[PDB]
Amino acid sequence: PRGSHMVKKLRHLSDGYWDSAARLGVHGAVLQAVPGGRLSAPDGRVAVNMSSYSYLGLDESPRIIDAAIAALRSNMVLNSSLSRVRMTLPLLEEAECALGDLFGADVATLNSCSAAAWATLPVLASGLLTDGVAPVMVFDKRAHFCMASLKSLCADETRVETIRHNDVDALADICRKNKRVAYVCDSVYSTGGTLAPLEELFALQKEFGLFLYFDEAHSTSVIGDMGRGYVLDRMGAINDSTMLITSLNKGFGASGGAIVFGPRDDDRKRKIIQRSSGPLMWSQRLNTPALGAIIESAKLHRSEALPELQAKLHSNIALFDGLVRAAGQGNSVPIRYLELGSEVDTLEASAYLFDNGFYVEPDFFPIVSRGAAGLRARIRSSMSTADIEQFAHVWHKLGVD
């Protein structure tokens, strides 16, 4: 109904930008992964990927890949061949128990974070997770599309309202005028260098019982003790009014996504969502290599390797912040947005850096608003001090301010 994520019908301007990005080779490239966060082209040239989302370099960990191979060798199937509602392989239960140990919460895996949003948001909107009381579903304007695109489903169940980024004052007003409210947002935003305002949100939760739904896809692993993420690091123990969705193919170094339902010893939320007609019931479970990767990555997150990787990541951020200005400086979030304010210039920049051995993803309309084009750089712990310094060199040679 009212809340919506309409398909873009006017695409002459946007198709022109996509076509140019492909023509310039910054999009549509067939590149091979190569050690050291690098990309190999058909001609043989090698570039450093500055926009990779494996923030801790776990996509290159031989431990994790070996545990994925081992899981497939011993199971000898890619997957079970029934819905998880009927049965699961012991490997799936071991993976979800290992994630539950790490996050300190009841956690289910799904084939993606997007499937996890589809499985949870309509159910949250129905009241079933809020004592039979349909909440007002309040979305942040900059919430990821995996969640925003499902507003119409949420509106089929309750009232959906979208508020301005971090408009805490407006959310409080909605809270004061309604019995039950929920806020759908991203813990770490991939643009603008912003973060979810936890202090005010937790207070509203205390005062009004505001249900908090967070997308931690850029928070898992990169932030917090044992990489539990930004929300759990501040919250400590998850409560019954907070639910988290996340991807495990980024910092965690595995594949798929997950729903952090709440307290580990309360099965009501898992029960409710597992028995609802959505992706957790009828979409394929993660295959056994992915589940092996999850188990090994979880052990690694619980060990002394995670602090070291977060250390090397915070260092590489400081090194980058000392040599290049970008949206976000000293926020300790490994995403830096190189504002260029010009679609044509962002694509030209991207094509230049790539010819110089550095790929930085070009953000243009419709990905970002018009005239707000920029290059999105992601800092990994797997970057060398040289990679970072050698890149700041080539960036200034472009002479953009």
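Sequential numbering from 1, following the sequence displayed.
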Worksheet item: What stretch has the higher average Cα B-factor here, 83-91 or 310-318?
Response: 310-318
Practice prompt. Could you settle it for me: does 174-182 or 143-151 have the higher average Cα B factor in the PDB entry?
Written response: 174-182
Worksheet, complete the sentence: Among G104, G192, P279, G253, highest Cα B-factor in the entry goes to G192
Worksheet item: Say you rank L323, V222, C113, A125 by Cα B-factor from the PDB entry; which sits at the top?
Response: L323
Practice prompt. Sorting the chain's modelled residues by C-alpha B-factor, tell me whether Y230 ends up in the lowest, middle or highest third.
Written response: middle
Discussion item. Ranking every modelled residue in this chain by its Cα temperature factor as given in the entry, which third contains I64?
Written reply: lowest
Worksheet item: Comparing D240 with the other modelled residues of its chain, is its CA B-factor in the lowest, middle or highest third?
Response: middle
Response to the item:
Quick tally, chain-level thirds of C-alpha B-factors: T158 sits in the middle
Discussion item. Considering every modelled residue of the chain and its Cα B-factor in the PDB entry, is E389 in the lowest, middle or highest third?
Written reply: highest
